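Report on one structure; see the data block that follows.
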Amino acid sequence: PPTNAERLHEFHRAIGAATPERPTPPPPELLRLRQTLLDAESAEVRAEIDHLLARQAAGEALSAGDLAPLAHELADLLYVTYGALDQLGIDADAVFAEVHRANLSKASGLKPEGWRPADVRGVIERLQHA
Amino acid sequence: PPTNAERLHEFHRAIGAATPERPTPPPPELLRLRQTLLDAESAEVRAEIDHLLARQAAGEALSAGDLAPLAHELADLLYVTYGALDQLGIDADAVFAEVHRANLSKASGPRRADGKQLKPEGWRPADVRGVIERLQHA
Ligand SMILES: O=c1ccn([C@H]2C[C@H](O)[C@@H](COP(=O)(O)O)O2)c(=O)[nH]1
Ligand SMILES: [Mg+2]
Ligand SMILES: [Mg+2]
């Protein structure tokens with residue numbers, strides 16, 4: 001099965017948006033777009049969390065189905081976060097894997113003995129060599 | 001390999017945090033916490049993008065290596081966004097798959113001046129309510 005990062009590549013190929021094979025410095029127009037899309041989805045997430053909190057404050061017993069709007073906006077936020085990494089030519093699964101390695105290993109600690117923080121610059125260097 | 005959503009399940013299991021198997025209405029304290037985590041990482045991404053744009057406005061030609069902080073913050077944002085879905089007991093991949101299908105269906109639509117893909121006539125949204133009902137029973 002394809003990963004959510006590979007899904008963004010398929011979407012950008014389908015709509016003709018830049019999706020370079022390896023890490024590539026962006027034009028400012030790209031960064032501005034990614035900023036706009038991230039701001040929009042984080043505001044929608046916030047709006048749906050606020051709605052759930054207001055309904056709970058009024059004593060509403062939320063059902064699982066009540067979480068669908070928030071789940072949709074969280075997925076949209078995932079989508080535009082993956083989408084930023086994809087348009088930068090950066091394999092999001094490789095960067096996530098390194099952030100997860102650090103976070104998960106830190107949870108074996110405070111930090112454990114041979115603890116090594118995330119080295120995303122090292123991931124970007126390896127991605128440049130395909 | 002495990003998916004990134006399954007990685008958050010593994011992380012929450014390693015720190016003893018709440019991780020229901022199926023969609024579970026959360027306590028208000030949980031919602032406020034996840035909102036706080038989202039805002040912290042969103043602000044870091046936003047600041048880093050503005051930082052790169054200011055360097056470009058100064059005439060700097062950025063390199064790929066200059067992108068590593070931004071890639072780090074975007075991955076941090078993924079981590080807390082997957083984390084929110086996992087603490088709600090919601091399979092992020094099942095929801096993402098439905099969202100993704102309805103985004104592929106936009107391909108024939110027009111484009112905004114800034115590059116945003118817009119929806120063609122007759123487009124229909126993802127049915128996330130149906131994903132949630134799927135996850136809740138099974
Ligand atoms: O250029 C685009 C336009 C839309 N989306 C995705 C992000 C969300 O999943 C959803 C938001 O689209 P709107 O509902 O705001 O039109 O589509 C992108 O990734 N890139
Ligand atoms: Mg949205
Ligand atoms: Mg961060």
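Chain labels A, B, ... are given in the sequence in which chains occur in the structure tokens; within each chain residues are numbered consecutively from 1, and ligands are likewise numbered from 1 in the order shown.
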Practice problem: With a cut-off of 6 Å and counting only C-alpha atoms, select all residues of chain A in contact with chain B and give the selection as number ranges by chain. | Solution: A: 11, 15, 23-25, 64, 68, 75, 96, 104, 120-121
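With a cut-off of 8 Å and using only C-alpha atoms and all ligand atoms, the polymer residues contacting ligand 2 are residues 40, 41, 44, 45, 72, 73, 76 and 77 of chain A.
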Exercise. Write out as a PyMOL selection string each polymer residue whose atoms come within 10 Å of residue 8 (chain A), counting only C-alpha atoms; drop sequence neighbours fewer than 6 positions from it.
Key: (chain A and resi 14+19+79-87+92) or (chain B and resi 100+103-104)
Self-check item: Selection near residue 102 (chain A), 7 Å with only C-alpha atoms, sequence-local residues under 3 positions removed, as an NGL selection string
Solution: :A and (98-99 or 105-106 or 116-118)
Quiz prompt | Computed interatomic separation between CA of residue 58 (chain B) and CA of residue 20 (chain A) (Å) | solution = 24.9 Å
Quiz prompt | Which of chain B DSSP labels alpha helix (DSSP H), written as a PyMOL selection string | solution = chain B and resi 4-14+28-57+68-87+92-104+128-136
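Taking CA of residue 3 (chain A) as the reference point, atom 8 (C, counted along the ligand's line) of ligand 1 is found at 16.6 Å.
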